[PDB]
Amino acid sequence: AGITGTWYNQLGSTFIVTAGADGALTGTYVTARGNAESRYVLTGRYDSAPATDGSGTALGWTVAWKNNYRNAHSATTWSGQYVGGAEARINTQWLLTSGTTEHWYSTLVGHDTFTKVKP
Amino acid sequence: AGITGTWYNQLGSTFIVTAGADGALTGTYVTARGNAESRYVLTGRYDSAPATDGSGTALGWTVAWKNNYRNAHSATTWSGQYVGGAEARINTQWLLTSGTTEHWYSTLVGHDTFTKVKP
Amino acid sequence: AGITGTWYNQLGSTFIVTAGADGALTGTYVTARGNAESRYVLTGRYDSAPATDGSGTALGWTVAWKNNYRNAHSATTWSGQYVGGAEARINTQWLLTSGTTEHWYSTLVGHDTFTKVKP
Amino acid sequence: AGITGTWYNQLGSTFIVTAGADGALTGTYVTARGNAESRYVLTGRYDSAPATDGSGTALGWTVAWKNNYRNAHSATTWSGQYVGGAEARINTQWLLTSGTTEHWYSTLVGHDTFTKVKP
Amino acid sequence: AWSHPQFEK
Amino acid sequence: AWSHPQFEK
Amino acid sequence: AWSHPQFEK
Amino acid sequence: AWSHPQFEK
């Protein structure tokens, strides 16, 4: 798959993921401060048989922003595509929803480009 | 949490989820045709200690659109908020990314409102 | 076109738009408080020759949240589709960007359904 | 404002905009093929009195993808923030809605970074 | 996307 | 954003 | 959408 | 959201 391992966004965050043979993604997302309190569980799914002709491999994952240190009462999902080669990347769009505020103004949208080397 | 169980969107799809004590979501998403080939694995996360004062409980999940019948080389993530009460709902926004086409025009966005009763 | 006139979202906001023969949209968006300070300029575009076979008519508009009373240093764009008939609707998704905060966490996403009758 | 003039995305498209004293944006969007049939009207709004302390200037615009050559029965809105300085940029997120297909799967989401120099 | 599983009728 | 004009009650 | 004007090469 | 973990510096 080429997905298993460590990936870096352009803001200093990291995640570390294992891609299972079945389509499972499991790992840890680490925000840019990089300490214990910056580590969060992630889980998701990916296409374990992508088109050989196509551009990439579809995938998505979720982080709920609670760990044993802190709780930001929110969750982010990243939806995107892994592209292999010499400059491998995971191109994503993300949705960050807050649990605390009313739903219709609760969700931020953005994008992240993950690489195998740091920015 | 109030999340564990079966939920219906307004288009005829279903999902069935278990919310673990740790923040895990695991289950099955079933598209509106409702047959074997319509069932897909889902995984995600939720806030297992939401604010008691706030509006809801943040959560997200992913489905990769491959099962043992078919493969649509794509993945959808839903990001949203569970709201309890007599008319419980999960309010979501979603991102559907295709793996096959170039990333910059690869992602659809939409919304789903899930209820405990069918539309 | 069927677009010219007054439309109501499900939250109590109104807008009033004129659809020009050329594709122009011009009007006023009025937030749910409904007073002078709640009125903002809107401008946008629409497909002035939609497919006769298709579902609807593509359109979009912008409001910058400044008027002669107040300035929220932000802008919302709605992108969507007008559907005619007895229950005419404009189905939209929107992006609200703040000017003041750093761009990568600056944009909220949501949806609005506009009807010719109030909720 | 710093907005009036020509801007280039990272894919080869151009737009040319005038920012009016009142908050109006008017101009032309030119897709990457760069010929007559690639030119489309744009209109939008911007914050004509941004915070002096803040990061940028909120703005948005719409293109309906019809000109006198062709009609793609769709509209894109860009919502974003102008940031001045030596490396001025307009950071945006966009929503592309098709008029022809049913609304719930009709809208693509993406992002564009516009600069004063070409990529 | 009209034929994608997510939107199937 | 709860106090933004777009969402005001 | 690969053939849409917005993404044309 | 400037203080949210996702965007922390």
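We're sticking with Swiss-Prot numbering for chain D, so the shown stretch reads 39-140, 143-159, in order.
Looks like X-ray crystallography, 1.7 Å, at least that's what the header says.
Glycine residues also receive a Cβ, built from the backbone N, Cα and C atoms like all the rest.
Taken straight from Swiss-Prot:
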BINDING   D:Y67, D:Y78, D:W116, D:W132, D:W144  biotin binding site
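When Cβ atoms from all protein chains are considered, those within 10 Å of D:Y67 (biotin binding site) total 25, not counting its own. By a simple count of nearby Cβ atoms, those within 10 Å, the most crowded of the binding-site residues D:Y78, D:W116, D:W132, D:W144 is D:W116.
Listed binding-site residues (D:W116, D:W132, D:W144) with a CB under 8 Å from any chain E CB: D:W144. Proximity to chain B, defined as a C-beta distance under 8 Å, is registered for the following binding-site residues out of D:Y78, D:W132, D:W144: D:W144. When secondary structure is read from DSSP and collapsed to three states, D:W144 (biotin binding site) falls in the helix class. For the biotin site, whose binding residues are given in the record as D:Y67, D:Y78, D:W116, D:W132, D:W144, the maximum C-alpha distance rounds to 27 Å. In this structure, D:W132 (biotin binding site) is part of a beta strand by DSSP.
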